[PDB]
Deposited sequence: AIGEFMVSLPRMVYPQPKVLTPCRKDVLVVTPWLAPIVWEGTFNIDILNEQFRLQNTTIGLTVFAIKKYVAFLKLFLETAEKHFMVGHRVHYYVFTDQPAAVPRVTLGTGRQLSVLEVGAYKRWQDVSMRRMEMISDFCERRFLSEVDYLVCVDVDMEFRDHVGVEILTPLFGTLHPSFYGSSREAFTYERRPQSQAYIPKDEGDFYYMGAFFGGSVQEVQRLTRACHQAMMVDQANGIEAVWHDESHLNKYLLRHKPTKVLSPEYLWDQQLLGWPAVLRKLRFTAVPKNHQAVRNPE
C-alpha cells in the first residue's frame, strides 16, 4: 500500500538457493507464511525496510493485582531487546498506576499507563478491542500483545512484524494435533475437532497491524461473550479463542518458540539457537 522508497546499497552475504538457512525445522507454513527462526532473516535488511517506513510498534501488557511486580524486569529488558532503534509505545494496563516502576527509556520510546478497574478472563481481549481502538489506530502501526510474567533475553525485532502473527506454544511445537489442548466441546465457540488444527499458539504473544489485531481481539471477545451467555468457559480461556481465530484466519507469520520459552520447564533444546522472551517464576 504505502509508498516505499528504495533501499540503499548494502553489502551482505548472498542467499544461496541450493543452501537452506535451516534444515532441522519448518520455516514456512503450508499457506506460505514464514515461521521465524534464527538464521532465516537478515536483520539489517529488515531494519532498513521498517525504518524507511518510520514504523511505530505498540506493546500492550497487563499488570493487574500482584502482577505489577513483574513490570520492572519486563520493561527494563524490553529496553535492551525489543525493537531497539525503532519507535516504541508501551501501553501498561493496570489497576495500580502508582505501582508502575519508573523505567528509563531510550530515545523514540514512550510509555502510557492506562488504568483499568480492579479484577475479566475476557479483560485483555475486551480492552484491546473495545476501549483502545481509536487511540491505537492514531498512534502505532503494529500492536504486539504479551504477558507480563516474562523477560527479554535476546533480540525481538521487526522480523516479527506482519499483518497478523501468532507464536508457537513452547510445550506443543512437537505435538500432534489430537494432543493439542484446544477446546473440544462443540457447545463452545472455541471448539476445534480432533482432525483440525495447524499449530497450538500460545495466548501470551500475538500481534499484527492495528487493524488485524483489533479484528482478532474483537472476534475473540465476541466469541467469549457468546460462551458466557451459554454457561461455558473454554478450557484455556482467551487462548482457546485465539487458537480458533488463527485456525480460521491464517497468520501471515508464525513465531517460533524462541519467542515464547520457559527454560525452567523445558531447558534449552538444540532446535533453539536463541531464547528471546522467557517465563519468569510466578
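When the deposited sequence is numbered from 1, the segments without any C-alpha atom are 1-2, 122-126, 290-298.
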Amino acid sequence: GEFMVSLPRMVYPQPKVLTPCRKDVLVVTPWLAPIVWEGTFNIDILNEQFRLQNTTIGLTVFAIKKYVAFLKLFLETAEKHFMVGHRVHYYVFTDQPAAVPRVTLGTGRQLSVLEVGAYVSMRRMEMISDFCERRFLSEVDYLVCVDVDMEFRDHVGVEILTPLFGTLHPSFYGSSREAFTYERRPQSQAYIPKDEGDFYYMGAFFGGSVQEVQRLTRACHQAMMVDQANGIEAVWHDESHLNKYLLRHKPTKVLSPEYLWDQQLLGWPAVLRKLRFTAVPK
From here on, numbers count along this sequence of modelled residues.
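Compared with the other entries of this protein, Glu139 is consistently built, present in every one of those that build its neighbours rather than absent from a third. Judged by the one-third criterion across other entries of this protein, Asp198, modelled here, is also modelled in every one of those that cover both its neighbours. The PDB entry records a higher mean C-alpha B factor for 185-193 than for its counterpart among 185-193 and 148-156. Looking at 83-91 and 170-178 together, the entry lists the larger mean B-factor for 170-178, computed on C-alpha atoms.
For the set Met202, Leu164, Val210, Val120, the PDB entry assigns the largest Cα B-factor to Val120. When the C-alpha B-factors of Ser129, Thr104, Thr77, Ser112 are ranked from the entry, the top spot goes to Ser129. When the modelled residues of the chain are ordered by their C-alpha B factor, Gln53 lands in the highest third.
The entry lists a Cα temperature factor for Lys65 that places it in the highest third of the chain's modelled residues. The entry lists a Cα temperature factor for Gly39 that places it in the middle third of the chain's modelled residues.
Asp24 sits in the highest third of its chain by CA B factor, as recorded in the PDB entry.
Split the chain's modelled residues into thirds by C-alpha temperature factor. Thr217 is in the middle one.
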